[PDB]
Every structure is written in C-alpha cells, then in structure tokens.
$ cat target08.pdb   # PDB, C-alpha atoms
ATOM      1  CA  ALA Q 980      21.439  -8.882 -10.726  1.00  0.00           C
ATOM      2  CA  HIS Q 981      22.855  -6.086 -12.921  1.00  0.00           C
ATOM      3  CA  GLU Q 982      20.144  -3.728 -11.751  1.00  0.00           C
ATOM      4  CA  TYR Q 983      21.945  -0.463 -12.385  1.00  0.00           C
ATOM      5  CA  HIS Q 984      22.958  -1.501 -15.863  1.00  0.00           C
ATOM      6  CA  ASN Q 985      19.380  -2.547 -16.614  1.00  0.00           C
ATOM      7  CA  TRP Q 986      16.803  -0.567 -18.542  1.00  0.00           C
ATOM      8  CA  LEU Q 987      13.896  -1.014 -16.112  1.00  0.00           C
ATOM      9  CA  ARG Q 988      14.537  -0.932 -12.398  1.00  0.00           C
ATOM     10  CA  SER Q 989      12.644  -1.836  -9.239  1.00  0.00           C
ATOM     11  CA  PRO Q 990      10.137   1.109  -9.481  1.00  0.00           C
ATOM     12  CA  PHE Q 991       8.576  -0.536 -12.529  1.00  0.00           C
ATOM     13  CA  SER Q 992       8.130  -3.786 -10.618  1.00  0.00           C
ATOM     14  CA  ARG Q 993       6.847  -2.027  -7.521  1.00  0.00           C
ATOM     15  CA  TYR Q 994       4.296  -0.107  -9.542  1.00  0.00           C
ATOM     16  CA  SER Q 995       3.245  -2.937 -11.853  1.00  0.00           C
ATOM     17  CA  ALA Q 996       2.715  -5.350  -8.979  1.00  0.00           C
ATOM     18  CA  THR Q 997       0.026  -3.157  -7.436  1.00  0.00           C
ATOM     19  CA  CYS Q 998      -1.814  -1.442 -10.188  1.00  0.00           C
ATOM     20  CA  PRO Q 999      -5.463  -2.229 -10.929  1.00  0.00           C
ATOM     21  CA  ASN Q1000      -5.962  -4.176 -14.124  1.00  0.00           C
ATOM     22  CA  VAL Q1001      -7.698  -1.395 -16.049  1.00  0.00           C
ATOM     23  CA  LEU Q1002      -6.322  -0.276 -19.432  1.00  0.00           C
ATOM     24  CA  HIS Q1003      -5.117   2.994 -17.883  1.00  0.00           C
ATOM     25  CA  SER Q1004      -2.522   0.965 -15.982  1.00  0.00           C
ATOM     26  CA  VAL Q1005      -1.216  -0.348 -19.302  1.00  0.00           C
ATOM     27  CA  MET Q1006      -1.089   3.239 -20.551  1.00  0.00           C
ATOM     28  CA  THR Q1007       0.860   4.496 -17.565  1.00  0.00           C
ATOM     29  CA  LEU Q1008       3.313   1.610 -17.611  1.00  0.00           C
ATOM     30  CA  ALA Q1009       3.820   2.521 -21.260  1.00  0.00           C
ATOM     31  CA  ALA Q1010       4.345   6.228 -20.768  1.00  0.00           C
ATOM     32  CA  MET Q1011       6.638   5.734 -17.805  1.00  0.00           C
ATOM     33  CA  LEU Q1012       9.206   4.735 -20.447  1.00  0.00           C
ATOM     34  CA  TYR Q1013       9.751   8.267 -21.706  1.00  0.00           C
ATOM     35  CA  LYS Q1014      13.431   8.985 -22.200  1.00  0.00           C
ATOM     36  CA  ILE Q1015      15.235  11.799 -20.430  1.00  0.00           C
ATOM     37  CA  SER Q1016      17.595  12.609 -23.254  1.00  0.00           C
ATOM     38  CA  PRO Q1017      17.859  16.357 -23.976  1.00  0.00           C
ATOM     39  CA  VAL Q1018      16.124  15.890 -27.313  1.00  0.00           C
ATOM     40  CA  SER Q1019      13.381  13.909 -25.595  1.00  0.00           C
ATOM     41  CA  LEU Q1020      13.168  16.712 -23.050  1.00  0.00           C
ATOM     42  CA  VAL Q1021      12.566  19.354 -25.698  1.00  0.00           C
ATOM     43  CA  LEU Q1022      10.224  16.998 -27.591  1.00  0.00           C
ATOM     44  CA  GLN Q1023       8.194  16.513 -24.423  1.00  0.00           C
ATOM     45  CA  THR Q1024       7.959  20.153 -23.463  1.00  0.00           C
ATOM     46  CA  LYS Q1025       7.189  21.392 -26.981  1.00  0.00           C
ATOM     47  CA  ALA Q1026       3.814  19.610 -26.769  1.00  0.00           C
ATOM     48  CA  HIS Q1027       2.939  20.873 -23.244  1.00  0.00           C
ATOM     49  CA  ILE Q1028       3.667  17.499 -21.639  1.00  0.00           C
TER      50      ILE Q1028
ATOM     51  CA  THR W 540      -8.550  -9.029  35.563  1.00  0.00           C
ATOM     52  CA  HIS W 541      -9.016 -10.604  38.977  1.00  0.00           C
ATOM     53  CA  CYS W 542      -9.054 -14.328  38.262  1.00  0.00           C
ATOM     54  CA  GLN W 543     -10.600 -16.612  40.881  1.00  0.00           C
ATOM     55  CA  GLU W 544      -8.317 -19.489  41.770  1.00  0.00           C
ATOM     56  CA  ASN W 545      -9.360 -22.070  44.397  1.00  0.00           C
ATOM     57  CA  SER W 546     -10.084 -19.870  47.453  1.00  0.00           C
ATOM     58  CA  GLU W 547      -7.839 -17.070  46.207  1.00  0.00           C
ATOM     59  CA  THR W 548      -8.283 -14.163  43.824  1.00  0.00           C
ATOM     60  CA  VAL W 549      -4.908 -13.699  42.154  1.00  0.00           C
ATOM     61  CA  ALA W 550      -4.573 -11.071  39.455  1.00  0.00           C
ATOM     62  CA  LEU W 551      -4.154 -12.136  35.844  1.00  0.00           C
ATOM     63  CA  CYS W 552      -2.365 -10.014  33.260  1.00  0.00           C
ATOM     64  CA  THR W 553      -2.226 -11.127  29.665  1.00  0.00           C
ATOM     65  CA  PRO W 554      -1.132  -9.368  26.466  1.00  0.00           C
ATOM     66  CA  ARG W 555      -3.545  -8.383  23.782  1.00  0.00           C
ATOM     67  CA  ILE W 556      -2.127  -9.959  20.652  1.00  0.00           C
ATOM     68  CA  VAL W 557      -3.968  -8.153  17.875  1.00  0.00           C
ATOM     69  CA  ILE W 558      -5.645  -4.772  17.598  1.00  0.00           C
ATOM     70  CA  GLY W 559      -9.044  -6.462  17.411  1.00  0.00           C
ATOM     71  CA  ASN W 560      -8.986  -7.548  21.035  1.00  0.00           C
ATOM     72  CA  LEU W 561      -9.489  -3.933  22.077  1.00  0.00           C
ATOM     73  CA  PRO W 562     -12.998  -3.339  23.444  1.00  0.00           C
ATOM     74  CA  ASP W 563     -15.881  -1.912  21.471  1.00  0.00           C
ATOM     75  CA  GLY W 564     -16.035   1.074  23.818  1.00  0.00           C
ATOM     76  CA  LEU W 565     -12.539   2.184  22.790  1.00  0.00           C
ATOM     77  CA  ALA W 566     -12.221   0.890  19.234  1.00  0.00           C
ATOM     78  CA  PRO W 567     -15.594   0.479  17.525  1.00  0.00           C
ATOM     79  CA  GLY W 568     -16.431  -1.568  14.469  1.00  0.00           C
ATOM     80  CA  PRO W 569     -17.145   1.502  12.314  1.00  0.00           C
ATOM     81  CA  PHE W 570     -13.627   2.716  13.100  1.00  0.00           C
ATOM     82  CA  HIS W 571     -12.217  -0.627  11.977  1.00  0.00           C
ATOM     83  CA  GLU W 572     -14.210  -0.503   8.750  1.00  0.00           C
ATOM     84  CA  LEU W 573     -13.062   3.056   8.096  1.00  0.00           C
ATOM     85  CA  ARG W 574      -9.475   2.042   8.798  1.00  0.00           C
ATOM     86  CA  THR W 575      -9.579  -0.972   6.521  1.00  0.00           C
ATOM     87  CA  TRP W 576     -10.991   1.256   3.793  1.00  0.00           C
ATOM     88  CA  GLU W 577      -7.725   3.173   4.059  1.00  0.00           C
ATOM     89  CA  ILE W 578      -5.691  -0.032   4.050  1.00  0.00           C
ATOM     90  CA  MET W 579      -7.561  -1.159   0.937  1.00  0.00           C
ATOM     91  CA  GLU W 580      -6.846   2.246  -0.591  1.00  0.00           C
ATOM     92  CA  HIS W 581      -3.119   2.027   0.154  1.00  0.00           C
ATOM     93  CA  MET W 582      -2.806  -1.092  -2.005  1.00  0.00           C
ATOM     94  CA  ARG W 583      -4.592   0.713  -4.891  1.00  0.00           C
ATOM     95  CA  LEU W 584      -7.812  -1.227  -4.384  1.00  0.00           C
ATOM     96  CA  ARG W 585     -10.279   1.396  -3.123  1.00  0.00           C
ATOM     97  CA  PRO W 586     -12.606   0.205  -5.834  1.00  0.00           C
ATOM     98  CA  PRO W 587     -12.496  -3.467  -4.875  1.00  0.00           C
ATOM     99  CA  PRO W 588     -12.868  -6.120  -7.579  1.00  0.00           C
TER     100      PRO W 588
END

$ encode --input "target08.pdb" --output "structure tokens"
Amino acid sequence: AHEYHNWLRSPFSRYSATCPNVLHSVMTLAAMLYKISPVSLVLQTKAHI
Amino acid sequence: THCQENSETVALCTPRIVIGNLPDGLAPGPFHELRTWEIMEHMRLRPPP
C-alpha cells in the first residue's frame, strides 16, 4: 500500500482501465512517464514539447 | 392514479424506480438514445467496439 513511495500512482490505473485498445493508448501510457526533473524539463521544452 | 377497489376508488401512489418509467410524452426514446450516447462517451467508448 506504499502508494506515495511508488513510481506509478492511481491516475495510471484510472486511465489505463478505461482507454480504448488502440495503439495510441499504448503511446500515451508510455509518454505519461516523462520525468519532471529540471533537466527533463529543459529537454522537453527544447524540442517544443 | 385512482385505483378501483371493491366498491371504492382509493388513490394509489407508487414511486417510479428508474428513469425509464417516465412517460414518452415527457422523456422520449430519442432523448434516451442521445443521453446514452453521452454515457458511452464518458467511458471513452463513443466509437463502440
């Protein structure tokens, strides 16, 4: 039950349990794992993401 | 309603249990289809399988 010390919380479950089974759902469950480190922040914004 | 008992006409009140027991003149079938389109959309299923 260590939910706050986990890496993936209840929003991942509550999105993955209702997405359609198209490949775009696999893509968005993948790219919802982008890190919010400062270096990941500048790496995201330097490519207009 | 006015239910007819044996030589008396006592009134009869009863609860509607679901939304579907509403009459057609106040809640038509097209409205129910258009509402369940929204309910199917809310579960990310607006293209049904």

$ atom_distance --input "target08.pdb" --atom1 "CA of residue 991 in chain Q" --atom2 "CA of residue 1006 in chain Q"
13.1 Å

$ residues_around --input "target08.pdb" --residues "residue 550 in chain W" --least-positions-apart "3" --cutoff "9 Å" --atoms "all atoms listed in the file" --output "PyMOL selection string"
chain W and resi 540-543

$ interface_residues --input "target08.pdb" --of "chain W" --to "chain Q" --cutoff "10 Å" --atoms "all atoms listed in the file" --output "ChimeraX atom specification"
/W:581-588

$ atom_distance --input "target08.pdb" --atom1 "CA of residue 986 in chain Q" --atom2 "CA of residue 1014 in chain Q"
10.8 Å

$ atom_distance --input "target08.pdb" --atom1 "CA of residue 555 in chain W" --atom2 "CA of residue 567 in chain W"
16.2 Å

$ axis_aligned_box --input "target08.pdb" --around "range 1013-1017 of chain Q" --padding-each-side "8 Å" --output "JSON"
{"center_x": 13.8, "center_y": 12.3, "center_z": -22.2, "size_x": 24.1, "size_y": 24.1, "size_z": 19.5}

$ residues_around --input "target08.pdb" --residues "residue 559 in chain W" --least-positions-apart "5" --cutoff "10 Å" --atoms "all atoms listed in the file" --output "JSON, numbers by chain"
{"W": [566, 567, 568, 571]}

$ write_last_selection --input "target08.pdb" --atoms "C-alpha atoms" --output "compact mmCIF listing (two decimals), in the coordinates of the input"
# COMPACT_ATOMS: atom_id res chain seq x y z
CA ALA W 566 -12.22 0.89 19.23
CA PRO W 567 -15.59 0.48 17.52
CA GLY W 568 -16.43 -1.57 14.47
CA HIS W 571 -12.22 -0.63 11.98

$ decode --input "target08.pdb" --residues "range 1000-1028 of chain Q" --atoms "N, CA and C atoms" --output "short mmCIF file (atom, residue, chain, number, x, y, z; two decimals), in the first residue's frame"
data_model
loop_
_atom_site.label_atom_id
_atom_site.label_comp_id
_atom_site.auth_asym_id
_atom_site.auth_seq_id
_atom_site.Cartn_x
_atom_site.Cartn_y
_atom_site.Cartn_z
N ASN Q 1000 -8.52 0.19 -26.84
CA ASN Q 1000 -7.36 -0.68 -27.02
C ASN Q 1000 -6.62 -0.41 -28.32
N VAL Q 1001 -6.65 0.83 -28.80
CA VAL Q 1001 -5.87 1.21 -29.96
C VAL Q 1001 -4.43 1.47 -29.52
N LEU Q 1002 -3.51 1.44 -30.49
CA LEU Q 1002 -2.08 1.63 -30.23
C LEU Q 1002 -1.77 3.00 -29.64
N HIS Q 1003 -2.60 4.00 -29.94
CA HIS Q 1003 -2.41 5.33 -29.38
C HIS Q 1003 -2.55 5.34 -27.86
N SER Q 1004 -3.34 4.42 -27.31
CA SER Q 1004 -3.40 4.29 -25.86
C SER Q 1004 -2.08 3.79 -25.29
N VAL Q 1005 -1.43 2.87 -26.00
CA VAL Q 1005 -0.12 2.39 -25.57
C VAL Q 1005 0.89 3.53 -25.63
N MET Q 1006 0.79 4.35 -26.67
CA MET Q 1006 1.67 5.51 -26.79
C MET Q 1006 1.46 6.50 -25.66
N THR Q 1007 0.20 6.76 -25.28
CA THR Q 1007 0.01 7.78 -24.26
C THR Q 1007 0.29 7.27 -22.87
N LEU Q 1008 0.09 5.97 -22.62
CA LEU Q 1008 0.56 5.40 -21.37
C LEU Q 1008 2.07 5.37 -21.31
N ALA Q 1009 2.74 5.31 -22.46
CA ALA Q 1009 4.19 5.42 -22.46
C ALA Q 1009 4.64 6.83 -22.14
N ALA Q 1010 4.11 7.81 -22.87
CA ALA Q 1010 4.61 9.16 -22.72
C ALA Q 1010 3.98 9.90 -21.55
N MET Q 1011 3.13 9.26 -20.77
CA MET Q 1011 2.81 9.81 -19.46
C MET Q 1011 3.87 9.51 -18.42
N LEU Q 1012 4.96 8.83 -18.79
CA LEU Q 1012 6.06 8.58 -17.87
C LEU Q 1012 7.20 9.55 -18.06
N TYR Q 1013 6.94 10.75 -18.57
CA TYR Q 1013 8.02 11.71 -18.70
C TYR Q 1013 8.35 12.31 -17.34
N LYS Q 1014 9.64 12.42 -17.06
CA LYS Q 1014 10.09 12.85 -15.75
C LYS Q 1014 10.00 14.36 -15.63
N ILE Q 1015 9.88 14.84 -14.40
CA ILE Q 1015 9.73 16.27 -14.18
C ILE Q 1015 10.95 16.75 -13.40
N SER Q 1016 12.09 16.13 -13.67
CA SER Q 1016 13.37 16.69 -13.28
C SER Q 1016 13.60 18.00 -14.02
N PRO Q 1017 14.42 18.90 -13.48
CA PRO Q 1017 14.77 20.12 -14.23
C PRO Q 1017 15.45 19.85 -15.56
N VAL Q 1018 16.32 18.84 -15.61
CA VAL Q 1018 16.97 18.55 -16.88
C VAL Q 1018 15.98 17.91 -17.85
N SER Q 1019 14.99 17.18 -17.34
CA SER Q 1019 13.96 16.67 -18.24
C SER Q 1019 13.04 17.78 -18.67
N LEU Q 1020 12.88 18.80 -17.82
CA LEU Q 1020 12.08 19.96 -18.19
C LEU Q 1020 12.72 20.71 -19.34
N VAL Q 1021 14.03 20.97 -19.26
CA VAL Q 1021 14.67 21.71 -20.34
C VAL Q 1021 14.79 20.83 -21.59
N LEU Q 1022 14.97 19.52 -21.42
CA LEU Q 1022 14.99 18.61 -22.56
C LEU Q 1022 13.65 18.50 -23.24
N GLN Q 1023 12.56 18.64 -22.49
CA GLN Q 1023 11.24 18.64 -23.11
C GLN Q 1023 11.00 19.93 -23.86
N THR Q 1024 11.28 21.07 -23.22
CA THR Q 1024 10.92 22.32 -23.87
C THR Q 1024 11.86 22.70 -25.00
N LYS Q 1025 13.07 22.15 -25.05
CA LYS Q 1025 13.97 22.48 -26.14
C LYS Q 1025 13.53 21.86 -27.46
N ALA Q 1026 12.62 20.90 -27.45
CA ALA Q 1026 12.08 20.31 -28.66
C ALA Q 1026 10.61 20.62 -28.85
N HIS Q 1027 10.15 21.75 -28.30
CA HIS Q 1027 8.79 22.28 -28.48
C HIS Q 1027 7.71 21.30 -28.01
N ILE Q 1028 8.01 20.54 -26.97
CA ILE Q 1028 7.06 19.58 -26.41
C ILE Q 1028 6.37 20.24 -25.24
#
